[PDB]
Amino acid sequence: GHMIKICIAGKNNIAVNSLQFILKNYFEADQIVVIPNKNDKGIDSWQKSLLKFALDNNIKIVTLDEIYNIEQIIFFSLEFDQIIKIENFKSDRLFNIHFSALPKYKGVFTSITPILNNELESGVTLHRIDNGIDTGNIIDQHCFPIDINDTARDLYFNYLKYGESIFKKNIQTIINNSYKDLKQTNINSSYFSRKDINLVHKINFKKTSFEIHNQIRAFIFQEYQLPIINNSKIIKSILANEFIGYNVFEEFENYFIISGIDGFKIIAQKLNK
């Protein structure tokens, strides 16, 4: 087989830390190639750059076209931005870690969609890549709570952490082609595309307190946007069991007090800016 054993394709700390773990434990630089996402700027920001780590560690940056004909290569997507077509590849060893508890929440924006749909838990799922979006057979899953006042940003940093851990847990069996998998069910399968989510959320206040709270915190991801109430950005929502009456809305300098149709207290904290 080839000098090249593995391609890491993707971004952010899950890709960089999983590549570092490969380089330290399994494969040398000359055995690895990397495909960064289109938007990788080659510098560290609020996540580390895959492109930078690869270049710093003498790992070649390649395109998809450059790896299709490499026999037996392991292709591993860690937040990769391109939909692949399996028949382009000689190898069938194609894997992804998806940031949801599949079969739920296929597609994109998976730090927003579980919260917006009232879930109490999410997960990370290692699966085979097939020609659909997050549809391939499941190899391993780790489910974890969405705590009641977690935001989309908090959820995303949990995916990063648990995704890195499920990679480390399973990578030796992927290298040895000794893993087991199971086809996904039709029932419970759900999917959201970019068009399904308006990133400038307009809150429906004719909803339960849990729903209004979930609407707010699903959009709290400051690196991208914060939800806005009367022209103030909200940085945190806090839901309590305290009944304060139905349909409360009051604005204060630093926060809003809100309740929905069931009357439980929400404190929506304004960004201190």
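Numbering starts at 1 and runs along the sequence shown.
Averaging C-alpha B-factors over each stretch, which comes out higher, 212-220 or 66-74? For C-alpha atoms only, the mean B-factor is higher in 66-74.
Mind pulling up the entry and telling me whether 50-58 or 238-246 has the higher mean Cα temperature factor? Between 238-246 and 50-58, it is 238-246 that shows the higher mean C-alpha B-factor.
Candidate residues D81, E119, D147, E164, the one whose C-alpha B factor the record puts highest: Highest CA B-factor of the listed options: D147.
Member of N96, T135, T185, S100 with the greatest C-alpha B factor (per the PDB record): Among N96, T135, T185, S100, the PDB entry lists the largest C-alpha B-factor for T185.
Lowest, middle or highest third: where is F192 by C-alpha B factor in its chain? Its C-alpha B-factor belongs to the middle third of this chain's values.
So where's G260 on the chain's Cα temperature factor ranking, which third? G260: CA B-factor falls in the highest third of its chain.
Once the chain's modelled residues are ordered by C-alpha B factor and cut into thirds, is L155 in the lowest, middle or highest one? For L155, the deposited C-alpha B-factor lands in the lowest third.
By the record's CA B-factor, is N25 among the lowest, middle or highest third of residues in the chain? Tercile = highest for this residue's CA B-factor.
What third of the chain, by the recorded C-alpha B-factor, contains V34? Its C-alpha B-factor belongs to the lowest third of this chain's values.
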